[PDB]
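Chains Z, H, V, W, A and C, in that order, are what the protein sequence lines are. The numbering of the first sequence is PDB author numbering, which starts it at 13 and goes up by one. The numbering of the second sequence is PDB author numbering, which starts it at 12 and goes up by one. The numbering of the third sequence is PDB author numbering, which starts it at 22 and goes up by one. Counted the way PDB author numbering counts, the fourth sequence spans residues 15 to 130, 147 to 236, 240 to 433, 441 to 503, 515 to 530, 606 to 764, 775 to 821. The numbering of the fifth sequence is PDB author numbering, which starts it at 2 and goes up by one. The numbering of the sixth sequence is PDB author numbering, which starts it at 147 and goes up by one. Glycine included, each C-beta is placed from N, C-alpha and C at the ideal position. In what follows, a structure is listed as structure tokens, so that the remarks can point back to it.
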Amino acid sequence: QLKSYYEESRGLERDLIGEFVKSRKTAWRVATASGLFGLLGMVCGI
Amino acid sequence: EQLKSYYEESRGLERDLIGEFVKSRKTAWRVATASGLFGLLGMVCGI
Amino acid sequence: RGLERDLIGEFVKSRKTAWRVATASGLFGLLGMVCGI
Amino acid sequence: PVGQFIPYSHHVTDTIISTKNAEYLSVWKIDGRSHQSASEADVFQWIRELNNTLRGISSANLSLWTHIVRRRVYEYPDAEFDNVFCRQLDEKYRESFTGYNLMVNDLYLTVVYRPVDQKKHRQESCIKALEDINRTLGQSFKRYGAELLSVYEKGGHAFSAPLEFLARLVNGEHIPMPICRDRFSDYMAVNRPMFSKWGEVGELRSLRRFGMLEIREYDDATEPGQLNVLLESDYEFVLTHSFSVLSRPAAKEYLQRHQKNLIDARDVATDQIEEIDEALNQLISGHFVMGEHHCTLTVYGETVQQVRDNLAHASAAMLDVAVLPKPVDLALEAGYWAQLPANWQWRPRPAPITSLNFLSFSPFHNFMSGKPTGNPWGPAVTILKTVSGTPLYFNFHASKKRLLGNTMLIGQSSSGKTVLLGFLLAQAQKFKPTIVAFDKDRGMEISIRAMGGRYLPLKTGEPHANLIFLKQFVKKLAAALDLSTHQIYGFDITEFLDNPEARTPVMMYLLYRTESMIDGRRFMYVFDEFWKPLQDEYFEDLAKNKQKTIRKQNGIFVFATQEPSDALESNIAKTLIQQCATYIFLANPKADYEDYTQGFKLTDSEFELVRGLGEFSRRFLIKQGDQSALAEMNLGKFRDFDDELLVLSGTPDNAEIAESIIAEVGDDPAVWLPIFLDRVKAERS
Amino acid sequence: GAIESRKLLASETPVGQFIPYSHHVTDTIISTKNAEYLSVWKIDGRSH
Amino acid sequence: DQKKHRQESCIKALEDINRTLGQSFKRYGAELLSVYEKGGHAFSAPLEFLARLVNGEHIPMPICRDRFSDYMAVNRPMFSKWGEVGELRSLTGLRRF
């Protein structure tokens, strides 16, 4: 049930391990942004 | 000179790499989202 | 060497990062607690 | 560094190489079927037979890469051997090869599987998937000849054969790489290619520069093989094809998308839309799978100007056929990195191509070339020119203990049998085996006396385990022998060949000493006529029984016979005939069609070629295993061929001159041949 | 670079934009992306 | 279907035009370029002329299922910036026009 030429093409071209590396990099970046918001809250409180 | 007993384990090694790497991705989102919510707590408290 | 040296390599490299995030969260939390108190 | 582009990681199951992203791989080295010998029906049947197993095992995980490589072979070593006359022949015949192709064709199809606690069980399922794929591929490629490359021990640390091909694909030169504890992509790239900044051409260091012509054809091929024009050329190259077979649901969607896109246009082309709709209808009914396809040609030239000239010639040859190459000016890096199997992402422009078109573009057709090196005795025994301008590397051990060595030479004695027998024997001297020769004539004796061994003709006036000798002697009663003296021997059978019953006892006694003397050192038995010895009561039985052990030793029976219908393939001769490894058929002016074809399993088109040689044309058909070629060891000017042909042929006058000179000289360092040189041609003149 | 080459060619403009031609609708007549049908005459000119 | 009507009417008109021109050019050469087949596959003689215009060299053009525009060009044109001449890069040679 692939149901998509585009899905099959992307599945062929996509690199799984690199995809996981990029996903974790994005996760850490978002966590860093969260830490930034937290520090901003700390400064605003002070 | 066990030629293949030495790479009889390489298969499981690759499996364990895949498992550890996907588990690391899961804990990565776990920690990231926990930090996101807790930082939201901090930011709203400061506001 | 080979993939195994990558396996342990990440197996404890991610230890480092998880520990660093845990320490950062602990530091931030104790900061909040101390400053508030 | 360059380890990014190469994805292979480590070796599993002794026959599959794992890869990053858990995508098991398997390499097959395929010796293509001979396209020239067969007629037009056989090629279509072969295409459909391949399509059988292709669609039979087709699945979204399956994929195939095809590489054909033209290698300037240096594996031929030009060995050294002490005889003087054979040295003359070898040197002159090497000189004859100047200006001629020495390139060989090697075809590779690499089957790759990429699947889209229970982890170990799923791993077992994944590996057994490729296990079954390889098993069915092997069964389907029995006629073609497929060697599943696998690990081979070497001095206590293994080498994996498949890694060598994938290395050759990127390194460009065959470099042995061992199995080490590392990941393979780390160090398999000994040579890193450097491409131009603008990217028009690439450079590789040993220096060989390369350029790439992109080939993409979107409509069906008329001929089963359209790319066979490249198989003869003056440039080395690597030609690639990838077939990532799409699953049927994706194929339907792609066809509908392309159909609608063609419909939405300012100008409507009724022909193309009807063709695409017909193909859509065929997809369900004619069960051929579709996959993404891309073709790249990577020529090799020392200088860029030579590279551009080679590209121009390749483009002209391609445009003689209805295929238009699109030159690659940039993205040559992507195209070149697309060659390595499992590199899907770097493919320049994949295009969905019907399986039939894919097989038509890349059917396993190649000229006969044999194996120049690695044969169990050593390098190729000799190299023979062929029609269509491709070199043939002749070796006896080619079969379907150890591979068969027996050889059949069929033809008339006048029709080049003498010169070919002599030349093959002289070349085979390079391995220095023991030779036992039986000649229907006195022709062989001069050739043997030229070599180290002295022929022992039979003439009138010159004649415990030994229980076997006594019992065989009683059978006759009913009606310097050993190899110590010198390496080579020759015993005339011309005395008892026509005799009714005198042949059997002397054959029985002679075989005793001949076999028992060496017995496992080496054997290259030669019989001018083997059907005369086999009519024996006892000799044929022992031959059939002991062929197994002789094959285990370094023993090859080089049988021969002038007329195969004369040999009549009797009940006892059946095993001797059928266990022949390599057949060399000479031009037979008269050949009983049915017996000739059915006894030798010779194809109808091959028989047409044999008849085409006709009478008194110095060519021969060599059918090794399951392929064929028309090889001619013609001897012209470019000029000693005259003299070493004069000595090689054996005539009664030549025979008597040889015997008289040998007996009269005393000590002669093969200087009788200079005497033999002019003392003969004067009489003929 | 290999990725650099890919991103460059992705930026590159094909020449097919400036060549408005399509299938032979007739043996002697060529189509066009804008339905402007074409036919070429090879003329051996008069001697002047 | 009305696009097919435009096709049919345009083809009829153009065929009429070609017939009239051929009758008018009796004294001249008046040869109409058309499809010529070679080697079990069709070729397009008119395509060769347009290729010569666009490529600068006579390259035979096989007719395939894809559109004529995509695979017409085999030479990379390089028009100069702030210049009055251009350069074609080809395997046979480099042509400045």
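- Query: Can you name the start and end residues of the alpha helix (DSSP H) that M633/W belongs to?
  - Reply: 629–644
Any chain H beta carbon closer than 9 Å to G47/V = So no, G47/V is outside the interface.
### Message
Are there any heavy atoms of the ligand ATP lying less than 8 Å away from the beta-carbon of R222/W, as far as the coordinates show?
### Response
This structure lacks the ligand ATP, and indeed carries no ligand of any kind.
Exercise. Any residues in the stretch 154–174 of chain C with a beta carbon nearer than 7 Å to a beta carbon of chain A? Which ones, in chain order?
Worked result: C156, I157, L160, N164, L167, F171, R173, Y174
Q. Can you tell which of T14/A, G2/A, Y38/A, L10/A has the C-alpha that lies nearest to the C-alpha of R152/C?
A. Of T14/A, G2/A, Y38/A, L10/A, the residue nearest in Cα terms is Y38/A.
N- and C-terminal bounds of the alpha helix (DSSP H) containing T166/C: 148–170
query: DSSP puts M448/W in a beta bridge; with which residues?
result: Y709/W
- request: Using the DSSP secondary-structure output, state which residues sit across from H49/W in a beta bridge.
  value: Bridge partners of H49/W: none, in fact.
Which ranges would you report for the beta strand (DSSP E) in the stretch 206–238 of chain C if only whole runs of at least 3 residues count? 222–225, 232–235
Comparing the C-beta of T38/V with each C-beta of chain Z, is any distance below 9 Å? yes
Q. If we ignore side chains and look at the alpha-carbon of each, how far apart do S691/W and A791/W end up?
A. 29 Å
request  = Under 9 Å between beta-carbons, which chain W residues line up against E20/H? List them in chain order, please.
outcome  = In chain order: nothing, as chain W lies at least about 11 Å away.
**OP:** For chain Z, find out if any of its Cβ atoms is closer than 9 Å to the Cβ of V42/V; answer yes or no.
**Re:** yes
State yes or no: is the C-beta of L260/W within less than 9 Å of the C-beta of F321/W? no
Exercise. Under 7 Å Cβ-Cβ, which residues of chain A neighbour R299/W?
Worked result: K34, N35, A36
How close, in whole Å, do the beta carbons of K658/W and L623/W come, if the pair is a contact with beta carbons under 8 Å? 5 Å
**Report entry** Cβ-based burial, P208/W [other Cβ within 10 Å; buried from 16]
**Finding:** exposed
Using the Cα positions of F32/V and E31/H, report the straight-line distance between them to the nearest angstrom. 7 Å
From the beta carbon of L51/V, is the nearest beta carbon of chain H less than 9 Å away?
no
Out of curiosity, what's the CA-to-CA distance linking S277/W and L234/C? 36 Å
- request: Determine, using beta carbons only, whether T80/W and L272/W come nearer to each other than 9 Å.
  value: yes
Residues that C328/W bridges to, as DSSP identifies them:
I248/W, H274/W
Where the beta strand (DSSP E) through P788/W begins and ends: Segment 788–801 is the alpha helix (DSSP H) holding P788/W; no beta strand (DSSP E) there.
Please list, in chain order, the chain W residues whose beta carbon lies closer than 8 Å to that of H24/A. Going along chain W in sequence order, the residues near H24/A (Cβ under 8 Å) are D300, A302, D304, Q305.
Handout entry: Test item: CB-CB of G185/C and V354/W under 9 Å
Key = yes
| message | Rounding to the nearest angstrom, what Cα-Cα distance links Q289/W and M218/C in this structure? | response | 26 Å
Report task. Identify the continuous beta strand (DSSP E) that holds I748/W and give its terminal residues. Result -> 746–750
(message) Just verifying my parser: in three-state terms, what is the DSSP assignment at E666/W?
(response) Helix at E666/W.
- request: Tell me whether the beta-carbon of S53/W lies closer than 9 Å to the beta-carbon of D730/W.
  value: yes
key: 8 Å CB neighbourhood of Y17/Z in its chain, flanking five on each side removed   = none
Residues of its chain near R648/W, where Cβ-Cβ distance is below 6 Å and the 5 sequence neighbours each way are ignored:
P473, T474, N680
To the nearest angstrom, report how far apart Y127/W and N75/W are at their CA atoms. The straight-line gap separating the alpha-carbon atoms of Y127/W and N75/W is approximately 5 Å.
*Which of helix, strand or coil DSSP assigns to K34/H*: helix
Short of 7 Å Cβ to Cβ, which residues in the stretch 243–262 of chain W face chain V? none
Open item on the list: Considering only the alpha carbon of each residue, which of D789/W, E663/W, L444/W, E780/W lies closest to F685/W?
Closed with: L444/W
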